[PDB]
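A quick write-up on the structure given underneath.
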Amino acid sequence: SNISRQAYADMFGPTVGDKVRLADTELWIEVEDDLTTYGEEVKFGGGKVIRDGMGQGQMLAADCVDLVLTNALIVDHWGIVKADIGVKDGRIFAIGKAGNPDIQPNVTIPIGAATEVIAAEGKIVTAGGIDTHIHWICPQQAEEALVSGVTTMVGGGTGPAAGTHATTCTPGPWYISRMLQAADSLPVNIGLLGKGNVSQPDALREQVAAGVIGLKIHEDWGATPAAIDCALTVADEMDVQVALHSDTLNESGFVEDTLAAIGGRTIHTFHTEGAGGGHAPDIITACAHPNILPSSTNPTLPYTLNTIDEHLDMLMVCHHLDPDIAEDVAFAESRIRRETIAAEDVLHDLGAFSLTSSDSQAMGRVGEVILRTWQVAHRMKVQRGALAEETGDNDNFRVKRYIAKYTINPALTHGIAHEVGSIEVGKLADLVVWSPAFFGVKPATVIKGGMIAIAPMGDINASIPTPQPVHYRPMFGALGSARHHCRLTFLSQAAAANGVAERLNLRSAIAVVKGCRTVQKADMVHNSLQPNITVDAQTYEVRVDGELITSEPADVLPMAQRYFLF
Amino acid sequence: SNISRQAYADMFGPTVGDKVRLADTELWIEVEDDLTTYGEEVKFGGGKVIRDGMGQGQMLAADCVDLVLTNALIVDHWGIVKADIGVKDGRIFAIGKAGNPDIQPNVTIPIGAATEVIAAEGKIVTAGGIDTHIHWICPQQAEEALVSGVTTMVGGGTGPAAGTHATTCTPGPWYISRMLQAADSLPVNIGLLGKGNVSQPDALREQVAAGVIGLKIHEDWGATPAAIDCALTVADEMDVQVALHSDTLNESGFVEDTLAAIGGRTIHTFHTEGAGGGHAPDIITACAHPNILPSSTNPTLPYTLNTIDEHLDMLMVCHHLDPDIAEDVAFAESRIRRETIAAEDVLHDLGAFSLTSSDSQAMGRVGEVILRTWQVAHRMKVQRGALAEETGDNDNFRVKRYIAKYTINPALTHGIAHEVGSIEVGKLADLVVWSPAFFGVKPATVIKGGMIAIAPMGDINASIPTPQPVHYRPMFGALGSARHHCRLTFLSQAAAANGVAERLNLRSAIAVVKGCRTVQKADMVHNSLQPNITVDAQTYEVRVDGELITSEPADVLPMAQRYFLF
Amino acid sequence: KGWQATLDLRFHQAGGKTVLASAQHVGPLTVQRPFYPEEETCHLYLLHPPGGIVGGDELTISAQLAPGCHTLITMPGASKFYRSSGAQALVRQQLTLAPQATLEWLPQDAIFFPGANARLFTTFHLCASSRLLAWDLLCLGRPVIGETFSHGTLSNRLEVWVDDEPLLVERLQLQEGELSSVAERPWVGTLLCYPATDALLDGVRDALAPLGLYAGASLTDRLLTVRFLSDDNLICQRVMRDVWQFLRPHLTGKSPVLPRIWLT
Amino acid sequence: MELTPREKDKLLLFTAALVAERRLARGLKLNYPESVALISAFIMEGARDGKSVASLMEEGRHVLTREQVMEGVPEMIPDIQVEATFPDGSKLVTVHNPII
Amino acid sequence: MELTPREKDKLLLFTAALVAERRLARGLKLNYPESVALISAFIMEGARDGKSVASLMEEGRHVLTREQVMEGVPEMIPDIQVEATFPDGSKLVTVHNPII
Amino acid sequence: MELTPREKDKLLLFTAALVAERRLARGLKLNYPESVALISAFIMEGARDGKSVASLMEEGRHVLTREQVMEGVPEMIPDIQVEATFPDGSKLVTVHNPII
Amino acid sequence: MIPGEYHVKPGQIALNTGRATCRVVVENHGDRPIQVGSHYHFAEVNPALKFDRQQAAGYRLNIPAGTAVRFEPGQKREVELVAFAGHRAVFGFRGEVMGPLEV
Amino acid sequence: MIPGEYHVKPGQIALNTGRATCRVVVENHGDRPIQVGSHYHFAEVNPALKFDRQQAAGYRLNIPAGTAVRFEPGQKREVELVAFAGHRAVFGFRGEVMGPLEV
């Protein structure tokens with residue numbers, strides 16, 4: 001038999017060669033590979049394939065996957081394929097064709113009695129986003145990020161305190177323990193960042209042994225070269241990531257002194273885009289070093305007409321600079337220039353910037369990491385056109401590069417890439433299912449460790465789940481023991497050795513961080529560029545290979561007003 | 001160097017001699033003492049004092065406080081000072097100057113790596129209010145009171161049952177255990193009150209061993225002299241407080257018979273203001289006895305034009321008197337007179353009344369204990385002028401007297417003054433941070449056990465915490481194990497000896513009540529007056545020292561309509 | 001092209017004190033909130049979130065004072081003019097005073113790096129009864145290190161109009177190459193005070209003594225104008241502050257207390 | 001704003017009363033929740049205006065007539081209690097037989 | 001609709017501003033929460049219309065005058081921040097001294 | 001009122017539709033959530049009036065035209081389901097291609 | 001501009017390529033229509049359907065997966081059958097085989 | 001009636017009374033302004049700033065706490081320094097002392 005390709009796309013989603021436009025953007029992904037056999041696809045509902053003896057096998061529970069996402073359009077840093085996903089014991093068991101091996105030709109995902117089916121026909125399944133710059137100001141962020149498609153959050157804070165309002169530092173073993181205990185109530189994987197602005201190594205060692213997976217160096221606590229050196233030495237000893245938010249006052253020296261203090265050791269630098277500060281625009285040059293992992297907060301992504309006008313009050317509130325105090329406005333001269341903001345988007349496009357963090361509720365929006373990343377991708381597609389290394393009339397390479405900015409690169413940076421980060425065998429089943437019309441804006445489902453954590457539910461009293469009002473609600477994947485079993489808490493190796501998990505009675509599963517101290521710029525996926533970038537502090541003319549870098553501000557953006565009520 | 005006092009007040013808050021007006025009232029507090037050194041104050045945010053090697057020391061986590069409230073304006077029964085507050089291990093470690101002892105002259109609160117900073121510049125920090133008359137009708141009260149600034153709630157109930165709607169009694173060991181288990185889910189310190197209206201001591205002993213910290217004698221269960229005597233004997237044996245709501249029917253006798261049945265033993269009497277009842281107005285005379293601790297519910301505080309008109313239906317609903325039943329309205333003759341209501345405010349001003357409870361959701365509002373106390377203080381300041389023992393042109397003495405009414409005096413009454421009640425070393429870090437424009441109405445933060453419990457948060461998706469809509473949300477101090485570690489459950493000595501905590505698997509910390517049976521009227525702070533008060537049952541002319549006591553009803557009140565939407 | 005920045009401020013009397021009625025801005029020019037260190041004087045700080053002014057940037061500040069309004073306008077830091085790539089920076093300040101209005105335009109010095117192609121135009125429109133007390137200070141180069149503004153173009157134009165009549169037109173134009181007007185003095189300072197008398201002129205001349213013979217004060221049509229060239233950055237600012245402190249009580253009847261943004 | 005939970009509950013009541021008053025303007029006969037919400041919001045707005053508790057108790061009985069509500073609704077509403085923030089603090093207003 | 005939690009919060013703000021604008025139409029003097037809600041909703045509606053952030057910053061100071069709000073309210077509102085979805089994404093609008 | 005949770009959800013939908021209809025009155029082009037809320041509340045109010053389910057299905061396709069909503073919105077809304085309390089209990093109304 | 005729109009290149013998709021194929025004629029002798037899914041073992045369909053069931057052993061309907069063909073009462077429909085794949089072991093349906101199809 | 005308003009009595013607040021005091025002249029040789037906080041050890045400031053650093057050892061800026069002085073490029077600013085207190089041990093900054101200032 002044979003059917004029209006349009007009918008096949010309607011029934012099972014796009015196959016090889018079909019192009020899907022992401023939500024109201026100019027990015028057209030193309031299905032590179034199909035891992036199924038035509039005419040043997042598994043589909044659920046009524047008299048369809050997935051039934052007893054037809055699509056569901058006779059194997060026992062240990063021989064079949066616990067969950068199967070059917071006919072998914074997997075978009076990931078390793079490719080854009082069409083396949084089914086089999087999840088077993090809360091982890092991704094296999095990627096390929098699902099069904100009953102008894103009567104189907106090539107089945108690698110055996111569907112049995114113990115299998116629950118999630119229909120992903122005509123839907124895009126991506127890995128859960130990872131947010132590595134999160135201010136733990138309120139627990140309501142955890143839900144919000146989860147609605148946005150972010151499943152792992154790495155950051156510090158103790159609540160709406162003065163320190164948390166400015167820095168992502170959970171200071172002290174007591175507050176680290178309290179935040180670790182509170183993390184059990186949030187339906188997201190959580191990693192804690194300590195306070196690294198200390199010249200005494202013993203305090204940093206105590207913080208790391210308390211359970212933080214990384215040390216944060218921030219200007220507000222003092223980003224002096226001595227503190228940077230001490231934190232880097234402690235991290236080298238204890239194998240944790242170091243995040244640097246270098247001082248914008250030039251108090252202890254210029255950016256050259258900070259780079260010398262780093263001394264070629266791996267460090268994850270925020271605000272590398274030079275969106276205001278004493279080190280701007282020279283800090284952008286830091287993206288050319290192999291040991292520097294450059295991130296970028298979302299508020300300056302992408303370049304828009306309204307970007308500059310909102311920066312001053314945001315900075316003043318974030319850094320506790322009261323406009324009512326005359327001496328405070330002396331710090332309002334943030335040295336923010338539109339040239340660096342325009343260059344940041346192009347640097348993201350070229351792969352010079354490897355990460356897209358949030359800096360949530362402190363110069364950054366927690367729920368707009370994926371959204372603003374795809375807005376930047378759309379803007380770069382509109383302005384610079386197709387990339388040099390694109391095959392065919394599709395944006396597959398650019399989509400892979402940008403989806404790696406918030407899925408796998410943050411995972412590699414903080415040493416959690418062995419558990420989460422991408423859709424691979426053995427990874428935690430942190431999946432986000434989008435409808436293509438709502439990709440990057442509003443997911444159709446967020447699967448957290450094999451269970452649906454949050455989903456758009458309609459009226460509870462309705463005879464079906466669809467009727468209005470439809471809004472996002474936490475499902476059984478975010479309830480007590482079920483939430484504890486379907487989430488991860490990341491700890492340092494010393495914390496796992498010290499038995500912190502049982503001392504605090506952490507109900508959630510424990511994952512140990514490893515590999516932070518060896519990741520380089522080359523290890524970043526699709527963002528390993530180390531350009532010969534030059535910038536003039538007088539003209540702010542950012543150049544790579546002698547060519548100007550510029551971007552025009554966006555007047556209208558996709559995924560902004562078509563989807564959100566307010 | 002030298003700066004203008006106005007600039008110093010703007011930067012660090014008021015210093016010695018400056019006057020701060022409480023929220024839209026006529027009360028002006030004055031900073032009596034300053035515990036800091038001029039020019040060495042610690043401030044956070046940007047390039048400021050609290051940084052590595054400048055305000056933050058090199059000491060280990062065991063040698064520095066976990067949290068520091070900086071430049072706080074501490075208002076408490078022991079004074080109105082300006083100082084920093086250092087909290088360690090969830091308890092107040094010190095009050096004084098904070099900073100780095102290495103480079104600062106006189107530091108008693110060492111700030112180190114393990115220290116989280118809360119900026120209280122230009123803010124008033126008070127002890128968490130204590131509510132000793134709470135009907136546990138719904139758990140939503142616990143948040144509401146926490147929003148109002150009350151951190152400790154002492155009361156009884158089993159939910160919206162007929163008994164709870166009228167009395168604060170948790171009947172029986174089964175319901176006591178269930179309420180103790182449910183208390184772990186509420187972000188407030190909780191003490192339970194049993195049912196004392198029993199002539200058999202064994203039942204009362206069983207209730208006390210179940211875990212209640214006090215016995216409640218109420219008319220609706222029968223406030224007969226036999227029950228009062230039995231409950232007082234049991235409490236004397238077992239060292240628990242007795243709360244009395246004397247019978248308003250004169251069924252077993254007049255107020256003289258009740259006082260004789262008490263027999264000089266310590267008792268905490270509700271409705272002593274005579275806001276309706278058979279014992280009114282004679283029950284007011286009970287404020288003259290050393291063993292009587294007189295409380296007062298908020299609805300009759302202060303005297304207003306609308307106070308009387310709302311009393312009848314409130315009383316009938318509270319006491320389960322159905323207006324649809326003809327025989328029920330025979331109890332509508334509450335014998336409420338405006339003379340006693342007017343005299344209650346003046347008795348509070350003179351210190352004759354020591355406590356201001358709530359009687360929540362049964363003739364009383366849970367969220368308006370602090371607010372109505374300060375409204376009464378403002379009314380007395382407006383009518384009676386400055387107090388006799390006021391020093392300077394401030395209201396410091398009156399402010400201390402009225403803040404002792406809901407912070408320390410309730411703590412002493414129920415024997416929990418060794419853990420909570422005031423801002424002192426060793427106390428639980430139950431702090432409320434107000435902005436002066438919102439003092440007594442809407443806190444800027446509620447710190448519960450060294451961790452922020454509830455706070456006003458704006459948009460979660462916002463780039464900063466301030467943007468609208470701002471409303472109160474529970475922070476990490478009210479999440480699972482973090483909530484359990486940052487709250488106290490009070491139990492009787494017998495309950496602690498019996499191992500009730502481990503039998504019920506109480507996850508929260510356990511505090512044992514002591515000192516209930518020895519507190520007298522003299523032990524009350526700033527409210528130890530025992531006036532030679534006389535009242536005539538015919539003319540209702542309340543007199544102290546032969547002088548008339550009267551008050552005029554308030555047509556308009558502060559902290560009422562300027563702040564609340566509805 | 002160029003990064004256009006425009007700010008328009010309208011002040012008026014309200015509640016017995018001067019208030020910022022309107023602050024309409026586009027681009028990188030912002031005004032957050034006036035301060036009131038004194039009774040009714042409106043202390044205002046114009047923020048320039050970008051530190052320097054690169055070539056091609058066009059700043060346009062406009063101020064309008066209502067009758068009976070007293071304001072003190074300051075910047076919280078010097079204005080840096082970076083080396084230009086070929087495009088010139090246009091700074092255009094236009095200030096209008098109603099009758100009885102008082103204005104203290106006290107900006108920080110403008111530091112011109114070598115090779116900075118810039119053009120400044122500050123004009124004051126006054127009535128007969130208006131009161132003005134302003135200065136304009138330029139630092140040509142970086143004298144402490146040795147840079148002496150070898151190249152670049154500068155055009156500093158300053159005008160004063162009283163009832164639609166040009167009372168003073170001070171022009172300082174520097175061409176690329178050596179500079180003869182400055183005469184090895186990279187600090188060019190100008191002081192303006194519209195209501196002035198001969199006693200004020202004598203007091204100012206007394207205050208200009210530590211600055212030497214390069215400081216000259218002239219009173220024409222009641223307007224006192226002080227022009228000076230210096231090369232120390234410490235005598236210059238001290239003299240400017242001293243002259244302002246001497247003129248403040250005689251013009252606005254206020255204490256000479258410095259604005260808090262100057263850090264004492 | 002710093003909306004307390006009680007203010008959020010009052011906002012919910014306000015929304016319900018908006019529904020009720022729009023339906024009343026449409027000419028429908030209000031049911032039990034619509035009538036309760038309409039009367040409660042009338043009392044709340046009157047209190048915000050500055051009326052006394054006694055005046056509001058008197059006035060709340062003339063908001064909805066017997067012919068403006070569904071049959072049996074007036075007997076399902078013996079009284080309506082509502083807390084409202086009068087200029088002198090929060091007070092309870094009880095309207096007895098609000099529909100006659 | 002697929003309403004995210006932020007959209008629900010903004011709906012709560014919209015309801016509060018509905019209350020505020022009805023009370024303003026009644027002729028009352030708005031208190032602190034009413035004024036804040038009214039100004040924030042004005043900014044949000046202007047952003048939905050398509051105005052720029054700078055234009056909204058300028059325009060938000062002319063929504064409520066000093067005589068339209070209770071005494072002391074203007075000093076209790078030094079500034080109002082609000083996140084609004086402009087055609088170019090979500091942006092922060094800060095209105096300084098919104099009541100003069 | 002004794003508001004059940006479903007009634008609170010319907011109140012949230014009503015508030016969203018209030019936003020949508022105010023924006024439509026302003027002359028804007030509604031987006032996806034605004035259009036969905038407006039059509040759903042139209043169906044709910046029609047059901048409260050007393051119309052039949054079939055009549056509401058017919059009438060729900062003539063609330064918003066293609067020129068009243070943003071480009072691409074009509075294809076983003078293949079159908080709208082909503083539960084509404086007709087005089088004969090709660091029923092599900094499905095409007096197919098509500099924008100044409 | 002349609003959000004999330006497809007751009008499917010024109011053509012046909014050949015289903016179940018390289019598998020044994022057959023044609024059968026089915027008569028529905030029941031009083032109600034009978035719907036048979038794509039992957040149902042056609043030899044174990046409703047006994048009301050009448051055809052050579054020996055030939056249909058080990059075969060399913062050669063139709064796109066997830067679809068079902070409908071046999072109206074009193075009709076006669078010619079359908080295409082495709083052989084099973086994989087282990088060729090059938091379990092369930094009427095329980096007429098309950099094991100491998102061959103040996 | 002301003003809610004939560006201050007009534008600050010007029011006067012001056014003397015800062016860092018009874019401490020060793022000095023005056024220095026700082027020249028900013030960098031191309032960008034340098035902001036130095038009140039409690040920063042002035043002997044360990046940005047090397048672009050030029051002054052007698054031997055004289056400034058053990059001193060901080062004599063300015064109100066939480067403020068910072070700004071040195072514009074190519075300028076020359078006279079600033080007031082006040083000696084450290086307490087144990088007089090400095091840790092951090094550039095790590096040029098890392099211990100007590102005396103002995």
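By convention in this document, the chains of the structure tokens carry letters A, B, ... by their order, each chain's residues are numbered from 1, and ligands are numbered from 1 in the order they are shown.
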Contact check, chain B to chain A, at most 7 Å, counting only C-alpha atoms, closest pairs as JSON lines:
```
{"residue": "B:10", "atom": "CA", "partner": "A:325", "partner_atom": "CA", "distance": 6.3}
{"residue": "B:11", "atom": "CA", "partner": "A:325", "partner_atom": "CA", "distance": 6.4}
{"residue": "B:45", "atom": "CA", "partner": "A:320", "partner_atom": "CA", "distance": 4.9}
{"residue": "B:46", "atom": "CA", "partner": "A:220", "partner_atom": "CA", "distance": 4.8}
{"residue": "B:47", "atom": "CA", "partner": "A:220", "partner_atom": "CA", "distance": 6.2}
{"residue": "B:50", "atom": "CA", "partner": "A:221", "partner_atom": "CA", "distance": 6.6}
{"residue": "B:51", "atom": "CA", "partner": "A:221", "partner_atom": "CA", "distance": 4.3}
{"residue": "B:52", "atom": "CA", "partner": "A:222", "partner_atom": "CA", "distance": 5.2}
{"residue": "B:58", "atom": "CA", "partner": "A:200", "partner_atom": "CA", "distance": 5.8}
{"residue": "B:60", "atom": "CA", "partner": "A:203", "partner_atom": "CA", "distance": 5.4}
{"residue": "B:61", "atom": "CA", "partner": "A:172", "partner_atom": "CA", "distance": 6.4}
{"residue": "B:66", "atom": "CA", "partner": "A:172", "partner_atom": "CA", "distance": 6.8}
{"residue": "B:113", "atom": "CA", "partner": "A:203", "partner_atom": "CA", "distance": 6.4}
{"residue": "B:114", "atom": "CA", "partner": "A:172", "partner_atom": "CA", "distance": 3.5}
{"residue": "B:115", "atom": "CA", "partner": "A:171", "partner_atom": "CA", "distance": 5.9}
{"residue": "B:116", "atom": "CA", "partner": "A:171", "partner_atom": "CA", "distance": 6.0}
{"residue": "B:117", "atom": "CA", "partner": "A:163", "partner_atom": "CA", "distance": 5.6}
{"residue": "B:118", "atom": "CA", "partner": "A:162", "partner_atom": "CA", "distance": 4.9}
{"residue": "B:119", "atom": "CA", "partner": "A:162", "partner_atom": "CA", "distance": 5.6}
{"residue": "B:452", "atom": "CA", "partner": "A:159", "partner_atom": "CA", "distance": 6.2}
{"residue": "B:460", "atom": "CA", "partner": "A:141", "partner_atom": "CA", "distance": 6.0}
{"residue": "B:461", "atom": "CA", "partner": "A:365", "partner_atom": "CA", "distance": 5.2}
{"residue": "B:462", "atom": "CA", "partner": "A:365", "partner_atom": "CA", "distance": 5.5}
{"residue": "B:463", "atom": "CA", "partner": "A:364", "partner_atom": "CA", "distance": 4.3}
{"residue": "B:464", "atom": "CA", "partner": "A:361", "partner_atom": "CA", "distance": 4.2}
{"residue": "B:465", "atom": "CA", "partner": "A:361", "partner_atom": "CA", "distance": 5.6}
{"residue": "B:475", "atom": "CA", "partner": "A:138", "partner_atom": "CA", "distance": 5.4}
{"residue": "B:476", "atom": "CA", "partner": "A:182", "partner_atom": "CA", "distance": 6.1}
{"residue": "B:479", "atom": "CA", "partner": "A:182", "partner_atom": "CA", "distance": 5.4}
{"residue": "B:480", "atom": "CA", "partner": "A:182", "partner_atom": "CA", "distance": 6.1}
{"residue": "B:481", "atom": "CA", "partner": "A:181", "partner_atom": "CA", "distance": 5.4}
{"residue": "B:482", "atom": "CA", "partner": "A:182", "partner_atom": "CA", "distance": 5.1}
```
Next on the checklist: Quick check: residues of chain E within 8 Å of chain F, only C-alpha atoms, returned as a PyMOL selection string.
Outcome noted: chain E and resi 1-3+11+14-15+49
Selection from above, N, CA and C atoms, as a PDB file, in the first residue's frame, can you write it?
```pdb
ATOM      1  N   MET E   1      -6.191  28.083  26.539  1.00  0.00           N
ATOM      2  CA  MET E   1      -5.433  29.286  26.854  1.00  0.00           C
ATOM      3  C   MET E   1      -4.002  28.951  27.252  1.00  0.00           C
ATOM      4  N   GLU E   2      -3.846  27.858  28.000  1.00  0.00           N
ATOM      5  CA  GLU E   2      -2.560  27.459  28.570  1.00  0.00           C
ATOM      6  C   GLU E   2      -1.958  28.603  29.388  1.00  0.00           C
ATOM      7  N   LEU E   3      -2.692  29.001  30.421  1.00  0.00           N
ATOM      8  CA  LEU E   3      -2.284  30.130  31.245  1.00  0.00           C
ATOM      9  C   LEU E   3      -1.135  29.727  32.158  1.00  0.00           C
ATOM     10  N   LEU E  11      -3.486  38.432  35.892  1.00  0.00           N
ATOM     11  CA  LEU E  11      -4.944  38.484  35.974  1.00  0.00           C
ATOM     12  C   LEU E  11      -5.404  38.986  37.336  1.00  0.00           C
ATOM     13  N   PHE E  14      -4.968  42.597  37.251  1.00  0.00           N
ATOM     14  CA  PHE E  14      -6.028  43.182  36.439  1.00  0.00           C
ATOM     15  C   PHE E  14      -7.323  43.318  37.229  1.00  0.00           C
ATOM     16  N   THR E  15      -7.674  42.296  38.011  1.00  0.00           N
ATOM     17  CA  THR E  15      -8.882  42.379  38.829  1.00  0.00           C
ATOM     18  C   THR E  15      -8.768  43.487  39.870  1.00  0.00           C
ATOM     19  N   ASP E  49      -0.927  47.720  23.841  1.00  0.00           N
ATOM     20  CA  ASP E  49      -1.242  48.555  22.688  1.00  0.00           C
ATOM     21  C   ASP E  49      -0.064  48.630  21.725  1.00  0.00           C
TER      22      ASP E  49
END
```
Item to check | Shell of 8 Å around region 39-50 of chain H, only C-alpha atoms, local chain residues under 3 positions omitted, as a list in words | outcome: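 Counting only the stated atoms, we get residues 250, 251, 252, 253 and 254 of chain A; 48, 49, 54 and 55 of chain B; 26, 27, 28, 29, 30, 34, 36, 53, 54, 56, 57, 58, 59, 60, 61, 65, 90, 93, 94 and 96 of chain H.
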Could you dump the residues just selected with C-alpha atoms as a PDB file, in the first residue's frame?
```
ATOM      1  CA  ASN A 250      37.818  48.122  38.716  1.00  0.00           C
ATOM      2  CA  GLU A 251      38.543  48.466  42.434  1.00  0.00           C
ATOM      3  CA  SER A 252      41.221  45.762  42.640  1.00  0.00           C
ATOM      4  CA  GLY A 253      42.262  45.981  38.991  1.00  0.00           C
ATOM      5  CA  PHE A 254      41.096  45.800  35.412  1.00  0.00           C
TER       6      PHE A 254
ATOM      7  CA  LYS B  48      29.880  48.418  49.922  1.00  0.00           C
ATOM      8  CA  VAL B  49      31.133  47.383  53.353  1.00  0.00           C
ATOM      9  CA  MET B  54      36.114  44.418  54.407  1.00  0.00           C
ATOM     10  CA  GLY B  55      32.893  43.567  56.240  1.00  0.00           C
TER      11      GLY B  55
ATOM     12  CA  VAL H  26      45.606  59.881  43.642  1.00  0.00           C
ATOM     13  CA  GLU H  27      46.140  60.074  39.876  1.00  0.00           C
ATOM     14  CA  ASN H  28      44.127  57.744  37.637  1.00  0.00           C
ATOM     15  CA  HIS H  29      46.397  56.634  34.790  1.00  0.00           C
ATOM     16  CA  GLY H  30      43.848  54.206  33.346  1.00  0.00           C
ATOM     17  CA  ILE H  34      37.902  53.537  39.059  1.00  0.00           C
ATOM     18  CA  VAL H  36      36.976  52.500  45.410  1.00  0.00           C
ATOM     19  CA  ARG H  53      51.306  53.496  48.552  1.00  0.00           C
ATOM     20  CA  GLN H  54      53.783  53.080  51.420  1.00  0.00           C
ATOM     21  CA  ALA H  56      48.587  54.387  52.600  1.00  0.00           C
ATOM     22  CA  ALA H  57      49.381  50.967  54.093  1.00  0.00           C
ATOM     23  CA  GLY H  58      46.807  50.042  56.715  1.00  0.00           C
ATOM     24  CA  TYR H  59      44.417  52.826  55.686  1.00  0.00           C
ATOM     25  CA  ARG H  60      40.973  52.990  54.091  1.00  0.00           C
ATOM     26  CA  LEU H  61      38.915  55.809  52.625  1.00  0.00           C
ATOM     27  CA  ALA H  65      30.361  53.536  54.907  1.00  0.00           C
ATOM     28  CA  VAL H  90      43.917  42.522  56.359  1.00  0.00           C
ATOM     29  CA  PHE H  93      42.254  42.390  48.119  1.00  0.00           C
ATOM     30  CA  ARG H  94      45.376  41.663  46.015  1.00  0.00           C
ATOM     31  CA  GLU H  96      49.781  41.691  49.261  1.00  0.00           C
TER      32      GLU H  96
END
```
Next on the checklist: Within 12 Å of chain C, which residues belong to chain H? Use only C-alpha atoms and report them as JSON, numbers by chain.
Outcome noted: {"H": [10, 25, 26, 27, 28, 29, 30, 31, 32, 33, 34, 35, 37, 38, 48, 49, 50, 51, 61, 62, 63, 64, 65, 66, 67, 68, 69, 70, 71, 72, 73, 74, 75, 76, 77, 78, 79, 80]}
Next on the checklist: At a cut-off of 12 Å, using only C-alpha atoms, what residues contact residue 206 (chain C)? Leave out same-chain residues fewer than 5 positions from it and give the result as a list in words.
Outcome noted: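 Listed by chain and then number, they are residues 199, 200, 201, 211, 212, 213, 215, 216, 217, 239, 242, 243 and 246 of chain C.
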Using N, CA and C atoms, can you export the residues from the last selection as a compact mmCIF listing (two decimals), in the first residue's frame?
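This went into again19.txt:
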```
# COMPACT_ATOMS: atom_id res chain seq x y z
N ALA C 199 29.94 94.24 43.49
CA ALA C 199 30.42 93.59 44.70
C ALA C 199 30.67 92.11 44.47
N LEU C 200 29.75 91.44 43.76
CA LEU C 200 29.95 90.04 43.42
C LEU C 200 31.16 89.86 42.53
N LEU C 201 31.37 90.79 41.58
CA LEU C 201 32.54 90.73 40.73
C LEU C 201 33.83 90.84 41.54
N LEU C 211 44.14 80.92 41.46
CA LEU C 211 44.21 80.43 40.09
C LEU C 211 45.11 81.28 39.21
N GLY C 212 45.62 82.40 39.72
CA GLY C 212 46.58 83.18 38.98
C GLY C 212 45.94 84.15 37.99
N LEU C 213 46.78 84.65 37.09
CA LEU C 213 46.36 85.66 36.12
C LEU C 213 45.53 85.09 34.98
N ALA C 215 42.73 83.60 35.20
CA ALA C 215 41.31 83.68 35.52
C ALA C 215 40.85 85.12 35.40
N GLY C 216 39.81 85.34 34.59
CA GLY C 216 39.27 86.67 34.40
C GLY C 216 37.76 86.70 34.51
N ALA C 217 37.24 87.61 35.33
CA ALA C 217 35.81 87.76 35.53
C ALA C 217 35.38 89.13 35.02
N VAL C 239 38.64 76.29 42.95
CA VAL C 239 38.22 77.65 42.63
C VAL C 239 36.77 77.67 42.17
N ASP C 242 34.63 77.26 45.24
CA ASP C 242 34.66 78.45 46.07
C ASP C 242 33.81 79.57 45.48
N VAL C 243 33.90 79.77 44.16
CA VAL C 243 33.09 80.80 43.52
C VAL C 243 31.61 80.46 43.62
N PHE C 246 30.48 81.19 47.08
CA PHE C 246 30.37 82.62 47.32
C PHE C 246 29.12 83.19 46.66
```
